[PDB]
Each structure stands twice: as structure tokens, then as C-alpha cells.
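Counting starts at 1 for both ligands and their atoms, in listed order. We use all heavy atoms of the structure for the numbers below, so side chains are in, but hydrogens, waters and symmetry mates are not. All residue numbers refer to positions in the sequence shown, counting from 1.
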Amino acid sequence: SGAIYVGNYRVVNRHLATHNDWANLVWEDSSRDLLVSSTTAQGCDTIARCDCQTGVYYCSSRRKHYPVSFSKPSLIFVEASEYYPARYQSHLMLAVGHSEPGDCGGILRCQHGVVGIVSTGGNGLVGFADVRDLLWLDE
Ligand SMILES: CSc1cccnc1CC(=O)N1CCC[C@H](C(N)=O)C1
Ligand SMILES: [Zn+2]
């Protein structure tokens, strides 16, 4: 459960996208587990445009925010699941942190703003879908 509301867009995990998200689809990528749809209202989330590797993420499963050190967006292998077959997910950042399946969508942010959303996790790690390269969300 979680979305980024920037301007006239709504950024969500592709595996949790609703029927309304597909009826107003702007762009989607299975490799990135991202789906951007349109909204009528004007979102106020600031997207970070940077090369940060430290920030704070929100953990629904513990109702706590956590400071984490994270990796550069890369091509990481994600085991098979009930949404996607076993594949390499691109633009993914890993950190040491608690994660549960109901934690997808939780925001990651640095001093500059929103970095990405929780997408993968397991074995003591947590993985984030990066949104800093998507410069069109601001424009
Ligand atoms: C926060 S997700 C999590 C956390 C702890 C343990 N297992 C998970 C589950 C997970 O990693 N998923 C399931 C949903 C689809 C994901 C994907 N991008 O393909 C992979
Ligand atoms: Zn930053």
C-alpha cells in the first residue's frame, strides 16, 4: 500500500495497480515494477534529482520510518512470485532493513526529496524502485 503523488501523476507498484490506474495509464514497465497513471488533482511530492545513497523509508509492517544506506539503481535478480515470473528487475536499489509483502509502496526519501518506493525485500534486505531518472514527472 503506497503511492507517490507528483503533479498530475500517481506513481505506484505495477503489481498493486488498480483498475483505475490502467484506465488512465500514462506509462508502465514490468521490468521496473512501476506504473504511472493520471490524476485530476495537483500532487505536491518533490522528487529528488540526485545520486544519494542514504535516506529514510516508511515500513507499514512496523509503523516506523527507518534510516538506510542503499545501493546505486541496478539489475537485480528477483525470485519468481505470484505477479511476475523469475526475472532481473532493473533500476532497483538494495538496503539492509526489515520488509514484509504488505510493505510495497512505502516511500524512500533523502534531504532532496522522494527517491523511490519499496518493491522487493527478504532475508534481512529491502529493495526500492528508483524514480529519480523519470524527469518527465516534474514537467
Ligand atoms: C516488500 S516486498 C517483500 C518483502 C519481504 C519478503 N518478500 C517480499 C515479496 C517480494 O519481494 N516481492 C513480491 C511482490 C513482487 C515483487 C517484485 N518486484 O517482483 C517481489
Ligand atoms: Zn538526495
Checklist line | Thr120 N/O to ligand 1 N/O under 3.5 Å | finding: no
Quick one: nearest non-hydrogen protein atom to [atom], plus distance?
| atom | answer |
| --- | --- |
| atom 14 (C) of ligand 1 | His15 NE2, 3.5 Å |
| atom 18 (N) of ligand 1 | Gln89 OE1, 2.9 Å |
| atom 19 (O) of ligand 1 | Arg87 NH1, 3.0 Å |
| atom 12 (N) of ligand 1 | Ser119 O, 4.2 Å |
| atom 7 (N) of ligand 1 | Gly121 O, 3.3 Å |
| atom 2 (S) of ligand 1 | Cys104 SG, 3.5 Å |
| atom 1 (C) of ligand 1 | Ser99 OG, 3.1 Å |

Margin query: I'd like to know if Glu79 contacts ligand 1, where contact means a heavy-atom distance under 4.0 Å to any ligand atom.
Written below: no
I need the atoms of ligand 1 closer than 4.0 Å to a non-hydrogen atom of [X], numbered in the order shown.
| X | result |
| --- | --- |
| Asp33 | 18 (N) |
| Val78 | 19 (O) |
| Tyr84 | 19 (O) |
| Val118 | 1 (C) |

Next item on the list: With side chain to side chain contact (heavy atoms under 4.5 Å, CB included) as the test, would you mind laying out the steps for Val12 and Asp21 before giving the verdict?
Entry: CA-CA 9 Å; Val12 291; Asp21 287 334; 3.7 Å; yes
Which atom names give the shortest non-hydrogen contact between [X] and [Y], and what distance separates them?
| X | Y | result |
| --- | --- | --- |
| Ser1 | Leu16 | N-CD1, 4.1 Å |
| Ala48 | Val115 | CB-CG2, 4.5 Å |
| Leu34 | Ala129 | CD2-CB, 3.9 Å |

Notebook entry, point to check: Which atom, among the N/O/S set of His112, is closest to the Zn ion (ligand 2)?
Noted result: ND1
Salt bridge or not for [X] and [Y], using N-O below 4.0 Å?
| X | Y | answer |
| --- | --- | --- |
| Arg109 | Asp45 | no |
| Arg14 | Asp29 | no |
| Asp51 | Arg132 | no |

Next item on the list: Over 60° means perpendicular and under 30° means parallel, so classify the ring planes of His15 and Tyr84, tilted if in between.
Entry: perpendicular
Check: Would you call the rings of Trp27 and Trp136 parallel, tilted or perpendicular if under 30° counts as parallel and over 60° as perpendicular?
Finding: perpendicular
Margin query: So if I apply the side chain to side chain contact (heavy atoms under 4.5 Å, CB included) rule between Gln89 and each of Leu75, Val78, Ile76, which one comes out positive?
Written below: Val78
Checklist line | Rounded to 10 degrees, the angle SG of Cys110 makes with SG of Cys50 at the Zn ion (ligand 2) | finding: 120°
